[PDB]
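Shown here is one chain on its own, the form deposited in one PDB entry, set out as structure tokens.
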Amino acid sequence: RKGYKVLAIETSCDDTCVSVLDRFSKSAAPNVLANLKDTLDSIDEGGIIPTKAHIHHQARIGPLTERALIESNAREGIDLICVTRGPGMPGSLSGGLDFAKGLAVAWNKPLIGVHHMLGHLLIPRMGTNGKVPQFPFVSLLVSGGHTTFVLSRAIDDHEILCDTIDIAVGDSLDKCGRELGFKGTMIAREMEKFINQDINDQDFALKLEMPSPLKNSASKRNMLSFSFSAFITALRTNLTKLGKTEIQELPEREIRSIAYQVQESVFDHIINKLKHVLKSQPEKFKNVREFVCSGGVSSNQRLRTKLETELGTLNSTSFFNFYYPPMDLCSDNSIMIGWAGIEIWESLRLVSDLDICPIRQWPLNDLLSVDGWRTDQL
């Protein structure tokens, strides 16, 4: 008696995700037997057929777990089912959840309904079986669909510090990018490359005016907040001063200058609120030597540099160990959910009840405040 396998389902987002983990030693990272992600945008490019997310998951979760089980050769083998319970569109959630319930009942095996974000949080620990980073740590999630700063004290205890009020970073970046006629799968990945290439070049006379909501450095309300929806409007009007119309016949020298400044400012804003948080509550961060930057936009170098430079020498004699997962794990996927559930199962010895329905809005601090949880055995 040693080793268990885990079937993990993620459906909070646009992409249906299924994975299988062989948790062969409680001493070692699990091995990934199967990792399937069938996206809403992957049936569109070579598709021109636009589907609705809850229907996408409904249609793809069956064949996907079927494929996964075959690839993994593990149908008669799963021990735990983990599944994203919230937060998200409760249609898209019920897709995965009600299905995951099917597996569990059919197999007579435990189900864990997991916090989407706890996945993002806990993923950079899978690599080392939860030795790095050790709690407490802080984690900046920066995806197309979240932008949040989170102190994590224990597995059963997490506090959101700073959080967006409008859209997420990647969204607004992608949006700015698309207004400059980028089209790609990841619009802002493309726009970094663009800036990267011809640096000592771009019209240094172009100095557009972008904001960075520093009011929280004066009129402080109730919680601290990121905010990105202001950027695309600020771009448009700066265009509407100097050639919005020129959209097209600007040089492949200038367009690469609107880019770097749009990026710089929006990364300035994050750094601004990050600064304003650590400054104001040194007590909480006293005890933490590690900083995670997971999510999509983790993989930006300009950001990574700013983070390492403009923070990790401001908390006095407590540099930060920055850890950046592979964006192999940073995008939504069902692996994080699997890992997160191994951590719950092992460390709390909790599972979910079969009556758990989805949770539209699920504050991370309410992780175990909600019903569903029961102790496993002892």
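Just so we're on the same page, rigid core means the largest C-alpha set that superposes within 1.5 Å between forms. Numbering starts at 1 and follows the sequence shown.
Although it is not shown, the form deposited in another entry is what the next lines describe.
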Checklist entry - Only one of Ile271, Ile195, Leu151, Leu239 shifts by 2 Å or more at CA between this form and the one not shown when the core is aligned; which is it? => result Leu239
Checklist entry - Once you line up the core, how about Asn31: does its CA shift reach 2 Å between this form and the one not shown? => result yes
Next on the checklist: Once both forms sit on the same rigid core, is the C-alpha displacement of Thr309 at or above 2 Å between this form and the one not shown?
Outcome noted: no
Next on the checklist: Taking 2 Å as the cut-off, check whether the CA of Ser318 shifts that much or more between this form and the one not shown after a rigid core fit.
Outcome noted: yes
Item to check | Sense of CA distance change between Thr317 and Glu283 in the other form, threshold 3 Å | outcome: closer
Next on the checklist: Closer or farther: how do the Cα atoms of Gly119 and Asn315 compare in the other form versus the shown form, where the change is at least 3 Å?
Outcome noted: farther
